[PDB]
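Engineer: Let me see the structure of the following:
(chains A, B, C, D, E, F, G, H, I and J)
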Amino acid sequence: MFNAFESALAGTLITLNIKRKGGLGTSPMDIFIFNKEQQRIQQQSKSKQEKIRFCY
Amino acid sequence: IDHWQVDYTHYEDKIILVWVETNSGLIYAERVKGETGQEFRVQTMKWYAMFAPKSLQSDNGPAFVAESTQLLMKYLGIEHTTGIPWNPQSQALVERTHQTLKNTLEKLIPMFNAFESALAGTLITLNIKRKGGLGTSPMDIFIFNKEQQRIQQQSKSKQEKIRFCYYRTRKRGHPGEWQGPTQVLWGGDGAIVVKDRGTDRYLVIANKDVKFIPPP
Amino acid sequence: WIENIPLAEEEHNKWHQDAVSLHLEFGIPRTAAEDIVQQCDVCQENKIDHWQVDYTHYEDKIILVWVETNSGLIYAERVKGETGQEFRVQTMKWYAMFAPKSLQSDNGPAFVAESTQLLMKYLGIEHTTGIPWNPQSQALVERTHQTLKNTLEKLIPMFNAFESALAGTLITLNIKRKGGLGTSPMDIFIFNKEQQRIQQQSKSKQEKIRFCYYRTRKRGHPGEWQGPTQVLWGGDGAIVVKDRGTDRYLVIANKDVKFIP
Amino acid sequence: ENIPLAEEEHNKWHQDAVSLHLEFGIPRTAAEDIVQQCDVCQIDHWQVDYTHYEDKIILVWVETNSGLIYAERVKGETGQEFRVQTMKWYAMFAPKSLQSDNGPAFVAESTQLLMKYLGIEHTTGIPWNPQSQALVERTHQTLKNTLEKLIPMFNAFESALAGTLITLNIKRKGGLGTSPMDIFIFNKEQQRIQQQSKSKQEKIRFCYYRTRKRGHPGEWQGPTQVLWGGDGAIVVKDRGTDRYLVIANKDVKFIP
Amino acid sequence: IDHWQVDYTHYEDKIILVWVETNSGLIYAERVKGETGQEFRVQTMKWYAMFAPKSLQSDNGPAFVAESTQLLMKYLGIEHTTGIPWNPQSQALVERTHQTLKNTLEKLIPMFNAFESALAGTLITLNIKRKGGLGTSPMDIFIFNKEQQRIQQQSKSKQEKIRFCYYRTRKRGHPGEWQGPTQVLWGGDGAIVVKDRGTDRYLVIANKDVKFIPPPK
Amino acid sequence: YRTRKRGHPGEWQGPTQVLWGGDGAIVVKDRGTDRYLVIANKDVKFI
DNA sequence: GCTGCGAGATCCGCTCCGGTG
DNA sequence: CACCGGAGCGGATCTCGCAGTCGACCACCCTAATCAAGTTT
DNA sequence: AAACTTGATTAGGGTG
DNA sequence: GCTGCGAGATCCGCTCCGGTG
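Structural biologist: Numbers count the residues shown, from 1 in each chain, chains lettered A, B, ... in the order given. Coordinates below:
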């Protein structure tokens, strides 16, 4: 479909990093990027204020 | 936090609109030509630009209970409580804040050509140079509180998600085929928690075997 | 944040950012970061609470526009004239609102008026008058005034009082207006000051200079004492010091320090 | 839905679709649709330039909004090289839209066609917008300045290129410790979410609508368009108020 | 304990390698042919035979800071601390050690044929015959310190319960927050013993700024 | 035992009880303040 | 008119017997 | 007297061999030995 | 008369 | 100082809707 093997490489790349979507109909790209949002330090660091108890 | 109170005060024939924060005790003041509604509309616009109020107390005086004042507190979106201020916890701080206000005005005003420079001086002394407890000043308390608000906000916004991975836990031996979807109860370093649906059983799950997901 | 600091200069000598990005990433005190930039020749080879104030005429109303150089946070108030003394009043009140460290401005009269400079001294501010040469700040400030007059032009019909609508643009731009993940320049500033506080309670011991002798360990084997050098950032159980050899901040546990009183 | 309440606010104060998204947590394509539709004020959106550094033709990409960037070193500014470049460029992203200028490889028909194969907005024209153009210039100047720092540190040029890229994309930060990458990731989050939640579902539909007075159903009103169909609700402009409204689907009659 | 300090000293063209125990005040010394690393390695092998060092101070001199001297300290598993001598706590002891030493040498060296005999004499006077307090010698203080460092003393402590505590710190009387919780390191009277997590420092806490934490039930 | 001020030695103090030994330093009561202290092993003389 | 099954080592569950407050 | 632990047996699970029997070639990274030229005693 | 020392360039072994 | 899960065809366990003695 392409002039370029490597544009076709782009095409495969595109598709499976995106266009392949499954389960809930989501790419990997969804999940990476989502998790980068969930990999955030600040909300992640903000939670320190919440109480600790110990326990036995 | 960001709960304030207004009172008009007269320091030597100069009307001074006295904004008083209830928790931090950080104060604001500006010289006033008259106690009319419209002038207070300008002052609480500028003030709402400088301070980011949630909420307010005051007396029932005309400017506050004035219609377009109230409408403007809604248009700016503040909770405005007019009424006979009844609260000793507030009115003690309001009263002493006025007392120390005219106290330190009477200190600094000789030192300054303009009086607004002087009252600005008093704002500096109380907001900033005044230090108590372990040595924090009011503006430090206030800035800390404003920050604490947004801390609550972001912390919520990550609480809101409730993500679910797929995992591979136990079942006979070694590593099984993928499992779940079950939500992230808790994040670890290199692991998390889940529930095991079949056994209803929470599990300590190393991220070696965890795939992370939006439930939707 | 002893550990972060050497590591942060180490990142910077590599990657050459703002002192900002290091402060924010590495969670250090920022003025160490600013020191790294000043101690990074490269970012000195290529070049908080710092402001610039420019009078601006909108509709024959002199508007004294303070522009914070980092956050993009801004103040302004209608001023009667460009007089020195009225500006002295405005910077006294405004210095009561903010905690400005430093300032830029042009050579216009009120700024170069002598008692204004004596007053910026009286409050302990670094005031720099000069033809502002920096596109970093001047793009921000030019853009600031364009957006200012444009948004005034939006808001002033909605309010009787032009002062109320001036407060309007202050509201929309410093509060309502945001960026990125929700950054209003106000909240940026609030962060800057709150993070200035916690260093600031460390700063009281820092402003007084200490020197120390210091050493490091190899497989735990302590090397000889090194220094005398300044005690750069006091930590809990340690400090920071610079290696005179590598030109690098370094953590030294208090056991491996002798403070020089 | 926050989207019509945000609209109620923008009709008052008239902020940036940036700050409407940010304030209200609405979509930015929603927020952009507001600012486009608000007569007072009347993403995935980029720009390219070629440029030479040390006789190295280097493709550029600069996002218009997060500001975040991509580039690649290039042999020549010709169409086909670029065509593969934008294949991959597209491939690293989910680009909606673009600006560029009228240059040949940009305006090139197979390349433009190729946008249409991608189904994407291409705009060539003398780029007029100082919003963009300053940022573009800052990018080039900052960038080659950062090369001038970094490239001696590298065996490879394009390694060093990756270095400058990292600096600007990532290691540099602004705001709260926001590199443009932080920004972009956040943008794509709620934008892909609104996009998936809204765009593919249904388009160009009208309805009759009512509002409840103490729960008492109003008359059936409109016909007007369904602007954003929600989960259990929609978004509609009441024509008289010039204001958008959340309407529950039970108070909707969808006009086929 | 077993924290020692060395300084070479010349007494009448005789190098004397003077070991100084930083607590008991006990010493070892010997006439030395040279300040060389190698001779010192031999001296500290003999001395590690006559004593059981954990740890050491000395100056930065060539013998000490020498590589194989350091490797010898580690070969014996001793903590070797080299430095610009900066302490008046121990350098008081070492200063009056060498002053008193040369004093006593100057007393005894006529009384014996050999300077090694008389030097040993000085060691006898100052380690053994020198007595203080209730009449304890510094050598007695050393043996006592060594005798009390026993791991059967570790055993009893291992047998015991531990209880835990929150704690806070007063600044100008302004109490800090409750912290930790932490072990009670030791029960005191009106206080206890704990460590700071943050500064990694043994601290005393007044029992009011202690909250004794309840055990399980 | 004895204490430091800017590193500079105080005089020897006590005798006071040997109460809790730690690693590198111990516990005594300050009889002066009726409060316990901690003293580097090099800063102690046991009896 | 032709088609993948069995051997090796783990892992969990069920049954019988014994110990604990 | 119910719950838990130890030893033995049964059911379930993951990987690989029988498909003949195994070895050359290209390219990159890491480790090691010798000639021409230059020093001394 | 003897020795001792250094820069490049080829022989083996482990990964695609 | 490290670990076989993933793409590709088939099929049973269920529900929602329609027809009718």
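
Engineer: thought residue A:36 was touching residue D:185?
Structural biologist: Yes: A contact is recorded between residue A:36 and residue D:185 when judged using CB atoms under 8 Å, the distance being 5.1 Å. All C-beta atoms are positioned from the backbone trio N, CA, C, and that covers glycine.

Engineer: more crowded one of those two?
Structural biologist: Under the criterion of other CB atoms under 10 Å in any protein chain shown, the comparison of residue A:36 against residue D:185 puts residue D:185 first, with 20 against 15.

Engineer: tell me which parts of chain A are close to DNA strand J?
Structural biologist: Within reach of DNA strand J by CB under 7 Å from any atom of the strand, chain A has these residues: A:16, A:20.

Engineer: Tell me which residue is most central in chain A.
Structural biologist: residue A:32 (1.4 Å; CA atoms, centre = their mean).

Engineer: Report the secondary structure state of that residue.
Structural biologist: Of the three states, residue A:32 takes helix under DSSP: H, G, I helix; E, B strand; the rest coil.

Engineer: related to what we said a few turns ago, shared neighbours of residue A:36 and residue D:185, anything?
Structural biologist: Overlap between the contact sets of residue A:36 and residue D:185, as judged by CB atoms under 8 Å, 6 or more residues apart in numbering or on different chains, is nil.

Engineer: Excluding chain neighbours, what is closest to the residue of chain A found nearest chain E?
Structural biologist: Shortest chain A-to-chain E distance, computed as CB to the nearest CB: residue-wise this is residue A:56, at 4.8 Å. Of all residues not flanking residue A:56 in the chain, residue E:216 sits nearest, at 4.8 Å (CB to CB, 6 or more residues apart in numbering or on different chains).

Engineer: Would you list the phi and psi of the one you found?
Structural biologist: Torsion angles at residue E:216 (phi, psi; degrees, to the nearest 10) stand at phi -60, psi 160.

Engineer: That one is in contact with residue A:54, isn't it?
Structural biologist: No: with contacts counted by CB under 8 Å, residue E:216 stays clear of residue A:54, the gap being 11.4 Å.

Engineer: my guess is residue A:17 contacts residue A:28, does it?
Structural biologist: Yes: if you go by CB under 8 Å, residue A:17 and residue A:28 touch, sitting 5.9 Å apart.

Engineer: Residue A:8 and chain C, how far apart?
Structural biologist: Here the distance between residue A:8 and chain C works out to 35 Å (CB to the nearest CB, to the nearest Å).

Engineer: Residue A:38 now?
Structural biologist: Taking CB to the nearest CB as the measure, residue A:38 and chain C are separated by 14 Å.

Engineer: Please name the residues that touch that residue.
Structural biologist: For residue A:38, the contacting residues are B:158, B:161, B:163, B:212, taking CB under 8 Å, 6+ apart as the criterion.

Engineer: The residues you listed: which two are farthest apart?
Structural biologist: When the contacts of residue A:38 are compared pair by pair using CB to CB, the two farthest from each other are B:158 and B:212, 13.5 Å apart.

Engineer: Now for residue A:31: which residues touch it?
Structural biologist: Under the criterion of CB under 8 Å, 6+ apart, the neighbours of residue A:31 are B:211, B:212, B:213, B:214.

Engineer: what bridges to the first one?
Structural biologist: Per DSSP bridges, residues listed as beta-bridge partners of residue B:211: residue B:166.
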